[PDB]
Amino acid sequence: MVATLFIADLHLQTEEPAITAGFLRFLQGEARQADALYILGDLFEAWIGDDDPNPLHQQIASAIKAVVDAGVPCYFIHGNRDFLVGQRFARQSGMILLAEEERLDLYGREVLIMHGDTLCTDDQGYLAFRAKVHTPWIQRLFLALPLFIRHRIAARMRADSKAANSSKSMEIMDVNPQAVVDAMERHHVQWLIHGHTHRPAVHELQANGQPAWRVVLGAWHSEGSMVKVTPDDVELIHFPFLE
């Protein structure tokens, strides 16, 4: 089919087997026919390095690679949960790693894609955390630690994140509308697709002196979510995990 697909915020983990089964079934569906599949971050609930022997990682890598081998190029933009996904997993899965912002030409429509966390520019605490965990020497230090140490550090970060999210106001954590305009005018696009916020919606705004739209993907909780771009339209689609 002449369509390009976008998903994000699956937060896969061995403790949520139903979501994993829904993703595996999705990879065997119309996704096998798409022009391309873009995964905009937070594919996994957490990532502590490509050397993690977590069997779910190889199961997911195998299923994506079968999609790639079937002729569907697959791309990945990092999320706040899996920014440590590296070239070893890209090779294992056949995915191509992209930068934090990418501008696509989709059947004549220019579209900006990103995970979306960098649009929450009022959360100065988060952005300070993000700058640190993206520093290469700090990443290399974390990756040199034993796996059982990395698990403990990840567990503490998750605990403190859930605490800070409960003590922070939604008005300081949500997407900043001026950061959206700035990003869409930096790339001169009228269309933007992102995830992270788990609030699937289509927001109309103004950018480049024209109407513009910000499409938000949904997290995979009870059902799946995807954006489908065709030469004719942009579709936000919700579907069950199983038939």
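When you see a residue number, it is the position in the sequence shown, counting from 1.
Mean Cα B-factor comparison, 170 to 178 or 26 to 34, giving the higher one as deposited: The stretch with the larger average C-alpha B-factor is 170 to 178.
Higher-scoring stretch by recorded Cα B factor average, 97 to 105 or 155 to 163: It is 155 to 163 that shows the higher mean C-alpha B-factor.
Highest recorded Cα temperature factor - choice among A8, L236, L5, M1: Out of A8, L236, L5, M1, the record gives the largest C-alpha B-factor to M1.
Top residue by Cα temperature factor, when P146, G71, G86, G116 are compared in the entry: Reading the PDB entry, the winner on C-alpha B-factor is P146.
Where the record places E185 (Cα B-factor, split into thirds across the chain): For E185, the deposited C-alpha B-factor lands in the highest third.
Position of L141 among the chain's modelled residues by C-alpha B-factor, lowest, middle or highest third: For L141, whose C-alpha B-factor we compare with every modelled residue in the chain, the answer is the highest third.
Third of the chain's Cα B-factor distribution that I60 belongs to, per the entry: Its C-alpha B-factor belongs to the lowest third of this chain's values.
Among modelled residues of the same chain, the CA temperature factor third for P211: It falls in the top third of the chain.
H194 CA temperature factor, ranked by third within the chain: According to the entry, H194 has a C-alpha B-factor in the chain's lowest third.
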